[PDB]
Structure formats: C-alpha cells, structure tokens
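>>> Provided hereafter are the protein sequence and its experimental coordinates.
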Amino acid sequence: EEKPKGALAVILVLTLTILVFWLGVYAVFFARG
Amino acid sequence: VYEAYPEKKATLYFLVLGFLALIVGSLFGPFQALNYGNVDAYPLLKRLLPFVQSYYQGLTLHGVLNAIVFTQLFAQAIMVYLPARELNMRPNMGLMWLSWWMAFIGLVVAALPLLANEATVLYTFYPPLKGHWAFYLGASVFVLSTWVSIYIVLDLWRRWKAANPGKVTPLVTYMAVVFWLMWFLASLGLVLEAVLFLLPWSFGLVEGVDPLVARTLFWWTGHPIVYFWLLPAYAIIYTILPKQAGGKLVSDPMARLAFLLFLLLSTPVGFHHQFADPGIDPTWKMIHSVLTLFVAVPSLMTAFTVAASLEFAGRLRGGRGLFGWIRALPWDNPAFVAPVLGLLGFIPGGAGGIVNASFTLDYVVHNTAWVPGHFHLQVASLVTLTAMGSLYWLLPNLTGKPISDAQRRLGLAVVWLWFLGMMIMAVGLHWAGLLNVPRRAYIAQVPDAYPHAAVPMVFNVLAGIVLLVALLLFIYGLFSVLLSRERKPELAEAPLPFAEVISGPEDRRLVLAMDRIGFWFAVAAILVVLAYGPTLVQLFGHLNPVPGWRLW
Amino acid sequence: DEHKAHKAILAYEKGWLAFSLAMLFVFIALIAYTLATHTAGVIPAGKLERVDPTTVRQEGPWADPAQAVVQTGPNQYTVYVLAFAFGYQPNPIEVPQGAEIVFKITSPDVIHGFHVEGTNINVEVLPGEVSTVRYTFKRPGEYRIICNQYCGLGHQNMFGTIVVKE
Ligand code: HAS
Ligand code: HEM
Ligand code: CUA
Ligand SMILES: [Cu+]
C-alpha cells in the first residue's frame, strides 16, 4: 500500500532509546571527569 | 524420515545437546540474579548440587554452557539445516556426524574439569589464571567442530552452484555461506591463542603466557563470536518469522546486504573489548571504535527491514492505523511471539552496545553490572527466545511429534515470563552498573559494600524468581514435548515454513555484486590484517610471558 | 500493492541508512572531542612498558610502599600502585587534589581491575605490563577502588582507597 508508518515508528523508538543511552552516559562521563 | 532426510536426525542431536546445556547452565542464573539482589542463595544450591564449590565455579558453568555450548550447537543446527532444506540437498553425512561427535567428545572432556572445580576461570579464561589441560583441549575440539561445519556448507554451496551454473545463490544458503566464512576468519584468533599459548601451557611445555597478546588474540575471536550467536537467529527472523507472522520478507537484497556487512566488519573490531587495556595504541582504539560503530549499521538495517515485514504482515492480517498492524499479528503463536519480544528487548540492548563502543564512554561502564545487562538483552533474550520459539516448528519437523494446545499455551507463559524477567533484570543490572557495582562478583557475601544500589537490587531479586519459574516451566514443557509417544510422520515430512520474498527490478544488479563472495571474503580477510596486523606485530616482538596462578 | 509497498519500503530504507550514518558520525565527532580534552587522560598509555611480575615487590618502584607517590612535576605526582591477589598497595593512596596524578599500576600475579569509584579511572592491570593513566581530582575526600576483573575467590572483597587531600 504505502509508507511504512509502523516500521518508521519502530526505528524512531530505536533512535530515541539510542539517544537516551548515548547522551545519558556522555553526561556521566564528563560528570566523573 | 531419517533415511532420506538423515540430516534431520543429526540436526536433532545438535539441538538436544544444545538444549541440555542451556538447562544445566541456566540453573545458576536465578542464584546469580539473587546474588545481585544482595541475597545469598548459594548454601541452598550447594545443598542441592554438592559438587559446586563457589559462586565462581557456578559462573564459569553458566557462561560456558550457555554462551559457548548452547549457542554454538544451535548455530551448527540452524546454519546447516536451514540451507540444506532450502537447497533440498543432503550435507556430507560422514562429516556431519563427525562434527557432532567432536562437539560431544569436546563437551564431555571439558565438562570433567569444570565440574571438578579444576578450571574455575570463567568463559573468558584469561591467563595467568591457569585451568586444567582437559579444559583447554576440550574447548579446542569443541570449537574445531565448527571447522567441519564450515566445510559442510561450503561443500553444499559449491555443489549447488555446479547444478545451477550462473544462478544467484538462494537467500538462506547465501546467509549460511557468508556466515560460515565470517566465522572462519573470526575463529583464527582463538585457535592461535590455543595452539601457540594455552595448549602448550596447560600441558606444561611452557611455564608462561603473555596476558596482553593472549587477550588480544582472544578478542579477535571474541567479538565476532557474538555475531556467530546472533546470525542464526537473524536467519530465522528474516526467512521464517515473516511467514509465522502471516506476511512476507519485504526485501531479499536488504537481508543479503546486512549479512554481507557482517562478513566485512565482524572481526576487525575486537579492541572495543580492550579499551581499558594498556600496551595498545589509542589511535588503534579510536579506529576499532569507528569500525565498531559501523558494525552497528547491519543491525540498524535489520531493524527496519524486519519491522516493515511485520507491519506488512500485520496489514494483510487486516491491520488498522499507526498501531493496528501490531494487534493483528498471531500473538497466540509462540513461534511468532518468542522472537518478536526478543526484538523488543534488543532495542535497549543495541543502545547499550553503541554506548560501550564509544571509546571514552566505555570507562563509565566497563566491567560493571551494566555489561551483563547489555548482553542478556542480546544473547539471553533475543537469541535464546528465538531459539525457544523455534522449537514449535522445528521440533515437529524433525521428530514428527505434533504440539498440543496445552503445550502451546505452556510455551506462551514460558515466553512471556522469560521476556519480563530479562527486562526486569536488565533494569537491575544497568542501574547497578552506573552505580559502579562490578560484575563477576559474589557481592552478596559482602552485604555492606554497595548500599547505594538498594532499589535496583530489588529488581534483581524479582527477576531471579520470575526467571526461576519460567525456567522450570521451560524444562517441564520441553521434556513434555520430547517424552511423548505421539507421532505424525507426515508433519516430519512437512516443509519448513520458509517465507516468500518480495523482489523488484533493481535487485538483479545489486544482488549480483553481493554474490561475488570470493572477492568479499578476500576483502574481509584484508581488513582483518589491516586492523590487527600492525598491533600483533608489535606485541609479538615484545613477548613478556608470566607464570600461571590458581586462585580457587 | 505488494509491489507498490516494495519501492516505498526500499526508499525509506535508504533514508534510514543516511540518517543512521549521520547520527553515528555525530557520535564519532563527540568522542573525538573528548580525545582532545583533559578527560582523555584516563585512556591507558599506548606504549608497552614491560616489568617482571615476580620481582615487582622486591626491587624497583613497587618494592617499597613508602616510595609509592613521587612528585615528578610542579603539579604532577606519579603514584606507583600495585594491585595483587586481593588488595592494593599502598593502602590508602594519598594524593593532593587539583594535582595531576599519574598512576602506574601493575600486578605480581594475575589480572586485576582498577576502578576508582566516582571517576573515569577504569583500567585493566596486567601482570608483566604497566597500566599508565592520568587524572586530576577536583573534589577531595575518600575515593574507593574496586577490582572489577575476576581474580579469584577473594575478588569480591578486593577494595582499595584513594586519599585526595583538600
Ligand atoms: C548475542 C549477544 C551479542 C550482541 C548481539 C551484542 C551487540 C553489540 N554489542 Fe555487545 N558489547 C559492545 C558493543 C556492541 C555493539 C556495538 C553491538 C551492536 O551489534 C548492537 C546493534 C543493535 C542495534 C543497532 C539495535 C537493532 C535493534 C533491532 C534489530 C530490534 C528492533 C525491534 C523490532 C523491529 C521489533 C518491533 C516489533 C513490534 C511488534 C513493534 C561493547 C563495546 O563496543 C562491549 C564491551 C563492554 C565492556 O567494556 O566489557 C560489549 C559487551 C558484550 C559482552 C561482554 C563480553 C564479556 O563477557 O567480556 C557480550 C557477551 C556481548 C554480546 C553481544 N553484544 N557484548
Ligand atoms: C535463567 C535466566 C538467566 C539468569 C537469571 C541469568 C543471570 C545472570 C547474572 C545475574 C549474571 C551476572 C553474574 C556475574 O556477573 O557475576 C549472568 C552472567 C552471564 N550470563 Fe546469564 N542469566 C540467565 C541466562 C543466560 C543465558 C540464556 C545465557 C546465554 C545463552 C547467559 C549468559 C551469560 C554469560 C555469558 C554471563 C557472564 C559470565 C562471565 O562474566 O564470565 N545467561 N547471568
Ligand atoms: Cu583483583 Cu578481582
Ligand atoms: Cu564486542
């Protein structure tokens, strides 16, 4: 039919989680600097 | 069923041996989860299992049986059997049973020392920690079993190319091929470690081993080995799951590309396990960091390709809006469920991994409980669950024994529990890790050491009980399936539930390129020498062997 | 349908890859950033420095615990630490804050972890090699060292202490 809205949904969650994790720990790294 | 598909038997023997290992290893799981919840359950286990000597004997057995024995035997099952049935070809049976005997002789030989508290050295076995020779010789023979499996598949592939001159390798076989080639290159680290150091050491030919070169060679194999665990699960997710879901694999070329990229980038990344090691150049670590980031890409594609296929599947099943396709999936089918949930946990799992792989960020969590949090979402969740759910189509196909409604709902409980527990544990372990709680530690025997982890220590307790119950239910069900004398021969001769593949015009030219495997295997082999060559040359020049220790 | 879903699927796939490579290159940039800052000290030194683990506490800079710290610059102190089967010498380690401490850690037996709780000091310590790391303490007080690499039955109990004088 059309745009994989669902798949795009999933990869968005994936992307957001990655950012929570990556940015989250990147902070903690400087905090312990 | 066995005389014209005798591959069917050999494949069952791998899977059985593999599910026994999984059970025996997993027993220690609950106790370790409790240990990380500050509850000491080991005097109870030591009563039950009188051979167990320490928390650390337990941990060795938990790693080795699960992440080494179970996972290898499941790949040797799937990544031979799935190509065999797609090609409808018989693997060299002489060779196939030889690989099984090796894996079984190897497993027994190593077991004897493990169970005898003679090599409580964990599944990493880092020198100078010195295990009993039969541990090292057992492991060797166990892992060389896969070298027979490589051959077997290459043989199948050559033979099929001969009867179909110039036709493109079929999907599963292509996966299997790049798979086994990638493993071959990857195994070379460990084999050298064993052949040059750990074997003569344990035998007493030498009195020392350099720990730096030993752990370098270890990790050359060490990282790809996890892909070796993952890809058999990926193969099932790409080519069988979408059929279980009621849809199709939306892209053949994507799956090929994902797998090709694993062939390329699986091995040249080991330094992401040695970020905190000395005597390795910081530039080489930054390089290996970037290539590690790249090795994420294949799984990033996987995620879209696979999420599309299930959206599409959801759509044919009468999907609704943005989220409708999710509810229309076959949630009553454990074969669909198990691997989907595995994929859910894999999202937090991947984000975990990418963090670990960011060089300087590794120092935050390296060797902490966060690392076990990361990998239980990968191997103990995605891989194990896909492995578990897959019994629902694979076991009948091999044995001719059907699956009753009860066992189907039993499975569904097992699957949800295992998933919830793992998730609960994952919150626990990550949280404890950020809180500096180390891993590989018997921390419930020093109760006042880490008070700051009060609340995530609860989760760890909770997981342990949930995952205990799930485990017992798994054993109860699995045996209920193998011990019943129900047999339909006709479902044993029922073709695997391979999925249809959607394909377009552009495919041809791209797929064609990817079917230049010999060229890609040489590209992959070069990347390995470029990444490890300069450093290994530098360590081997300056070998500093130190003597062995037994500290248990 | 089906075929129409193919193209669209393959199209958004290419977009997804473009975006994912871009996000990874952003990560690659922010790491490179830390490699240029002070916080990069914690990366162990690249050059090999070979010692004897059997002669380590009987001769050389690890033999005497009293000689462990050494002023080596105007605000630089090198500390010679030794992590051994189930402890850390010297214990506790004493250093001034706002000074750059350069640790040089080894073992006489097997592999240990050196993880200073509350910092970025997380290094593996190898018998027969020297793990060299650089750090500045900005807050004073008692920092706890943990062995986070399995070293034997007494591993869960291997702790140390760093003392950074205000
Ligand atoms: C089988 C398990 C293995 C996988 C798979 C795995 C993945 C990664 N890991 Fe890891 N790992 C590291 C980096 C990564 C990276 C970059 C990835 C990547 O491959 C991750 C890629 C994954 C993604 C990018 C996510 C894709 C998500 C998907 C595909 C799911 C989408 C879900 C859908 C579509 C479902 C939706 C369905 C609906 C119905 C809505 C690093 C550092 O770079 C360390 C060192 C830590 C230290 O200091 O010790 C490390 C540590 C470990 C250890 C510890 C080893 C030891 O004992 O010393 C093990 C066993 C392990 C296994 C595994 N690891 N890893
Ligand atoms: C019954 C469910 C399970 C539970 C409750 C569980 C629990 C744990 C815990 C708490 C640890 C941390 C121990 C420590 O760091 O001292 C651990 C370690 C580990 N687990 Fe599991 N686990 C389970 C299943 C699995 C499975 C299925 C696999 C692989 C197929 C697996 C592979 C590993 C590995 C490789 C380690 C690391 C051992 C080491 O560091 O050498 N676990 N497990
Ligand atoms: Cu030293 Cu654990
Ligand atoms: Cu890795």
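Everything's here; your move. Numbering: from 1, shown residues only, chains lettered A, B, ... in the order given. Ligands and ions are numbered 1, 2, ... in the order given.

>>> count of neighbours near residue B:329?
As a burial measure, the neighbour count of residue B:329 was computed by other C-beta atoms under 10 Å in any protein chain shown and equals 21. Heads up, the C-betas are built off the backbone N, CA and C, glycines and all.

>>> Now do the same contact list for residue 4.
Using chain A. Residues in contact with residue A:4, defined by C-beta atoms under 8 Å, 6 or more residues apart in numbering or on different chains, are B:304, B:307-308, B:311-312, C:5, C:8-9, C:12.

>>> that's the wrong chain, I wanted chain C
The contact partners of residue C:4, by C-beta under 8 Å, 6+ apart, come to A:1-2.

>>> Surely residue B:487 is in contact with residue B:398?
No - applying C-beta atoms under 8 Å as the test, residue B:487 and residue B:398 come out as separate, 11.6 Å apart.

>>> which of these two has more neighbours?
Legend: neighbour count by other C-beta under 10 Å for residue B:487 and residue B:398, higher for residue B:398 (24 against 14).

>>> so the more buried one makes contact with residue B:8?
Yes - under the criterion of C-beta under 8 Å, residue B:398 makes contact with residue B:8 at 5.3 Å.

>>> Give me the common contacts of those two.
Contact with both residue B:398 and residue B:8 is made by residues residue B:492, according to C-beta under 8 Å, 6+ apart.

>>> Show me where chain A has its helices.
Using DSSP state H, the helices of chain A run over residues A:5-31.

>>> ok, which residues in it are in contact with ligand 1?
Proximity of chain A to ligand 1, by C-beta under 6 Å from any ligand atom, involves residues A:10, A:14.

>>> Tell me how many other residues crowd the closest residue to ligand 3 within chain A.
Sorted by distance to ligand 3 under C-beta to the nearest ligand atom, the residues of chain A start with residue A:32, at 21.1 Å. The tally of other residues near residue A:32 (other C-beta under 10 Å) stands at 19.

>>> Tell me which residues touch it, please.
B:364, C:118-120.

>>> Now list the buried members of those.
Neighbour-count burial (16 or more other C-beta atoms under 10 Å in any protein chain shown) applied to these gives B:364, C:119-120.

>>> what subset of those residues is also close to chain A?
If you filter the buried ones among the contacts of residue A:32 for contact with chain A, counting by C-beta under 8 Å from any C-beta of the partner chain, you are left with B:364, C:119-120.

>>> Can you tell me which of those lies closest to residue B:405?
Nearest to residue B:405 among those, counting by C-beta to C-beta, is residue B:364 at 48.7 Å.

>>> so where does that closest one fall, helix or strand?
When secondary structure is defined using DSSP states H and E, the element that contains residue B:364 is helix B:362-365.

>>> Ok, residue B:154 next?
Using DSSP H and E, residue B:154 maps to helix B:133-163.

>>> How many neighbouring residues does the closest residue to ligand 2 within chain B have?
Minimum separation of chain B from ligand 2 (C-beta to the nearest ligand atom) falls at residue B:29, amounting to 2.7 Å. Applying the criterion other C-beta under 10 Å, we find 21 residues in the vicinity of residue B:29.

>>> which outside residues touch the helix or strand encompassing it?
Assigned by DSSP H and E, residue B:29 belongs to helix B:28-35. With contact meaning C-beta under 8 Å, 6+ apart, helix B:28-35 is reached by B:40-42, B:45, B:55, B:58-59, B:61-62, B:425, B:428, B:442-444, B:460-461, B:463-465, B:467-468, B:471.

>>> how about 6 Å then?
With contacts defined as C-beta atoms under 6 Å, 6 or more residues apart in numbering or on different chains, helix B:28-35 is touched by B:41, B:45, B:58, B:62, B:444, B:460-461, B:463-464, B:468.

>>> Verify the stated contact: residue C:84 with residue C:108.
Yes - taking C-beta atoms under 6 Å as the definition, residue C:84 is a contact partner of residue C:108 at 5.3 Å.
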